[PDB]
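Take a look at the structure set out below.
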Amino acid sequence: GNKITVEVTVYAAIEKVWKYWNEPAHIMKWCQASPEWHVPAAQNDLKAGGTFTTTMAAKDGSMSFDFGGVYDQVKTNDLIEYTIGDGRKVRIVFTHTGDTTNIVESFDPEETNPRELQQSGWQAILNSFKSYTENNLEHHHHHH
């Protein structure tokens with residue numbers, strides 16, 4: 001129920017996405033991936049016992065917030081997680097069938113807010129990745 005889980009199929013070498021998914025400059029390009037939000041600055045240091053800070057606010061500047069925490073453990077192509085001030089639990093498990101990488105991330109929803117709205121939210125942004133790859137137009141492929 002509350003253990004909302006989402007997944008996305010990405011066609012790229014684990015080593016390639018790892019760099020992109022960790023590169024801060026890249027995130028600042030599609031951060032939130034919504035026009036009702038912007039990223040005037042962001043910071044991230046991939047390292048154990050290290051901390052990060054992401055500055056983001058609504059375009060109208062009506063709402064403002066900053067995400068920060070500390071990495072409990074970091075291992076190349078294995079598991080990435082961090083402790084959130086709110087005490088929530090977020091873990092990103094890296095797995096690949098063979099010729100396609102699968103990113104899995106669980107989220108801890110609040111009791112006050114309805115799960116349905118936020119559930120579709122995480123899935124919505126994830127869908128954008130699929131649409132991006134569709135840019136292949138021809139999408140031609142040999143056999144497989």
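Letters A, B, ... go to the chains of the structure tokens in the order shown; residues in each chain start at 1; ligands are counted from 1 in the same order.
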
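Those residues that approach residue A:3 to within 8 Å, counting only C-alpha atoms, are residues 106, 107, 108 and 109 of chain A; same-chain residues fewer than 4 positions away are not listed.
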
Restricting it to N, CA and C atoms, dump the selection as a PDB file, in the first residue's frame.
ATOM      1  N   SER A 106      11.782   2.909  -4.176  1.00  0.00           N
ATOM      2  CA  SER A 106      10.614   2.887  -3.281  1.00  0.00           C
ATOM      3  C   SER A 106      10.487   4.246  -2.604  1.00  0.00           C
ATOM      4  N   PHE A 107       9.251   4.649  -2.250  1.00  0.00           N
ATOM      5  CA  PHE A 107       9.012   5.952  -1.590  1.00  0.00           C
ATOM      6  C   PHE A 107       8.062   5.772  -0.412  1.00  0.00           C
ATOM      7  N   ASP A 108       8.223   6.625   0.608  1.00  0.00           N
ATOM      8  CA  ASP A 108       7.394   6.584   1.827  1.00  0.00           C
ATOM      9  C   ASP A 108       6.326   7.705   1.782  1.00  0.00           C
ATOM     10  N   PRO A 109       5.089   7.445   1.371  1.00  0.00           N
ATOM     11  CA  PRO A 109       4.040   8.514   1.290  1.00  0.00           C
ATOM     12  C   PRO A 109       3.480   8.879   2.662  1.00  0.00           C
TER      13      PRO A 109
END

Q: Could you tell me, as a ChimeraX atom specification, which residues of stretch 17-64 of chain A DSSP assigns to strand (DSSP E or B) when given the backbone?
A: /A:38-43,51-57,64

(Q) When you look at residue A:11 with a cut-off of 9 Å (counting only C-alpha atoms), what residues show up, excluding the ones that are within fewer than 5 positions of it in the same chain? I need them as a PyMOL selection string. (A) chain A and resi 99-102+133

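Near residue A:128, within 12 Å and counting only C-alpha atoms, sit residues 8, 9, 10, 30, 32, 33, 34, 121, 122, 123, 124, 125, 126, 130, 131, 132, 133, 134 and 135 of chain A; same-chain residues fewer than 2 positions away were not included.
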
Residues of stretch 31-50 of chain A at most 7 Å from stretch 72-92 of chain A: nearest atom pair and distance in Å, only C-alpha atoms, as CSV:
residue,atom,partner,partner_atom,distance
A:47,CA,A:74,CA,6.4
A:48,CA,A:73,CA,5.2
A:49,CA,A:72,CA,6.2

**Q.** Distance query residue A:22 at most 9 Å, only C-alpha atoms, self and fewer than 6 positions along chain excluded, as number ranges by chain
**A.** A: 44-46

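Interatomic distance, atom CA of residue A:19 against atom CA of residue A:105: 17.4 Å.
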
Q | helix (DSSP H, G or I) residues, from DSSP on the backbone, in stretch 60-135 of chain A, as a VMD selection string | A | chain A and resid 115 to 135

Written selection (N, CA and C atoms) as a CSV table (one decimal), in the first residue's frame:
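File written: selection.csv
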chain,number,residue,atom,x,y,z
A,115,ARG,N,-2.3,8.8,-1.5
A,115,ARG,CA,-1.3,8.1,-2.3
A,115,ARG,C,-1.5,8.2,-3.8
A,116,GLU,N,-2.7,8.1,-4.2
A,116,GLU,CA,-3.0,8.2,-5.7
A,116,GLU,C,-2.4,9.3,-6.4
A,117,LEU,N,-2.5,10.5,-5.8
A,117,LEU,CA,-1.9,11.7,-6.5
A,117,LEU,C,-0.4,11.6,-6.6
A,118,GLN,N,0.3,11.3,-5.5
A,118,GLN,CA,1.7,11.2,-5.6
A,118,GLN,C,2.2,10.0,-6.3
A,119,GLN,N,1.4,8.9,-6.2
A,119,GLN,CA,1.8,7.7,-6.9
A,119,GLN,C,1.9,7.9,-8.4
A,120,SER,N,0.9,8.6,-9.0
A,120,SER,CA,0.9,8.9,-10.4
A,120,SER,C,2.0,9.9,-10.7
A,121,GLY,N,2.4,10.7,-9.7
A,121,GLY,CA,3.4,11.7,-9.9
A,121,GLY,C,4.7,11.1,-10.2
A,122,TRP,N,5.2,10.1,-9.4
A,122,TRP,CA,6.4,9.5,-9.6
A,122,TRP,C,6.4,8.7,-10.9
A,123,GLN,N,5.3,8.1,-11.3
A,123,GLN,CA,5.2,7.4,-12.5
A,123,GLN,C,5.2,8.3,-13.7
A,124,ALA,N,4.6,9.5,-13.6
A,124,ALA,CA,4.5,10.5,-14.6
A,124,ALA,C,5.9,10.9,-15.1
A,125,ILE,N,6.7,11.3,-14.2
A,125,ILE,CA,8.0,11.8,-14.5
A,125,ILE,C,8.9,10.7,-15.1
A,126,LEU,N,8.7,9.5,-14.6
A,126,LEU,CA,9.4,8.3,-15.1
A,126,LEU,C,9.0,8.0,-16.6
A,127,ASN,N,7.8,8.3,-16.9
A,127,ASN,CA,7.3,8.0,-18.3
A,127,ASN,C,8.0,9.0,-19.3
A,128,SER,N,8.4,10.1,-18.8
A,128,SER,CA,9.1,11.1,-19.7
A,128,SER,C,10.4,10.5,-20.3
A,129,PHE,N,11.1,9.6,-19.5
A,129,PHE,CA,12.3,8.9,-20.0
A,129,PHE,C,11.9,8.1,-21.2
A,130,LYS,N,10.8,7.3,-21.1
A,130,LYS,CA,10.4,6.5,-22.3
A,130,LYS,C,10.1,7.3,-23.5
A,131,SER,N,9.4,8.4,-23.3
A,131,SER,CA,9.1,9.3,-24.4
A,131,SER,C,10.3,9.9,-25.0
A,132,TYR,N,11.3,10.2,-24.2
A,132,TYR,CA,12.6,10.7,-24.7
A,132,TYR,C,13.3,9.7,-25.7
A,133,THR,N,13.3,8.5,-25.3
A,133,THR,CA,13.9,7.4,-26.1
A,133,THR,C,13.2,7.2,-27.4
A,134,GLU,N,11.8,7.4,-27.4
A,134,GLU,CA,11.0,7.3,-28.5
A,134,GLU,C,11.4,8.2,-29.7
A,135,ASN,N,12.3,9.2,-29.3
A,135,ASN,CA,12.8,10.1,-30.3
A,135,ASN,C,13.6,9.4,-31.4

Q: Have a look at atom CA of residue A:64 and atom CA of residue A:51 and let me know their distance in Å, one decimal.
A: 20.1 Å

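Atom CA of residue A:31 lies 24.6 Å from atom CA of residue A:2.
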
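When only C-alpha atoms are used to measure the gap to residue A:71, the shortest distance among A:52, A:98, A:29, A:17 belongs to A:52.
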
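Take the candidates A:35, A:24, A:1, A:61 and check each one against residue A:110 using only C-alpha atoms; the shortest distance goes to A:1.
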
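Shell of residue A:38 at 7 Å, with only C-alpha atoms counted and residues fewer than 5 places along the chain excluded, is residues 56, 57, 58 and 59 of chain A.
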